[PDB]
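Asker: One structure follows; several queries about it will come next.
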Amino acid sequence: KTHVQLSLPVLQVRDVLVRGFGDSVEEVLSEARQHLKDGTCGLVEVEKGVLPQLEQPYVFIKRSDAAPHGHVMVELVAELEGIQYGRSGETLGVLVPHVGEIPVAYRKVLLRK
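The sequence shown lines up with residues 6 to 118 when you count with my numbering.
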């Protein structure tokens with residue numbers, strides 16, 4: 006399927022144990038996609054002071070369209086030293102590995118895979 010319905014656990018930035026997916030734009034997009042498939046991906050909502058507490062490169066989910074079955078259609082965009090790889094809509098948050106942190110909420114997305 007070109008799209009997959011996921012429910013992503015929303016984590017508080019200070020709870021996150023593994024603060025990024027790796028060391029290159031290509032690796033973080035690769036790892037983010039693998040963790041999304043394996044159900045081991047969390048979402049941190051971006052506000053003042055969040056991104057400096059996480060590791061670059063960043064992987065964002067961004068709104069790809071204006072929401073089947075409650076699921077917002079999203080795609081992945083990476084960012085390293087102020088350059089983004091991908092072009093999409095509004096940021097829903099930054100992806101991180103989920104290693105058992107307790108979420109505050111769930112974000113239903115339809116991921117362009």
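Virtual Cβ for every residue (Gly too), placed ideally from N, Cα, C.
What is the rounded straight-line gap between the Cα of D70 and the Cα of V79?
Answerer: 7 Å
Asker: One question on the structure: do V82 and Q89 come within less than 7 Å of each other, judged by their Cβ atoms?
Answerer: At the C-beta level, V82 and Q89 come within 7 Å of one another.
Asker: What span of residues does the alpha helix (DSSP H) with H8 cover, start to end?
Answerer: It is not in any alpha helix (DSSP H) - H8 instead sits in the beta strand (DSSP E) that spans 8-15.
Asker: Considering Cα atoms alone, identify which of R117, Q10, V64, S12 is closest to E36.
Answerer: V64
Asker: Taking 7 Å as the cut-off, decide whether the C-beta atoms of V21 and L48 are in contact.
Answerer: no
Asker: Restricting to runs no shorter than 4 residues, where is the alpha helix (DSSP H) found entirely within the segment 8-67?
Answerer: 30-43
Asker: Suppose the cutoff is 8 Å on Cβ atoms and the five residues either side in sequence are ignored; what does the same chain contact list for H40 look like?
Answerer: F26, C46, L100, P102, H103
Asker: Could you say which of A110, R68, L115, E86 lies nearest to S93 if we only look at CA atoms?
Answerer: Scanning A110, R68, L115, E86 for the CA closest to the CA of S93 turns up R68.
Asker: Does the distance from the C-beta atom of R112 to that of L34 stay below 7 Å?
Answerer: Against a cut-off of 7 Å, the Cβ pair of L34 and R112 comes out as no contact.
Asker: Give a yes or no on whether the C-beta atoms belonging to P57 and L115 are separated by under 7 Å.
Answerer: no
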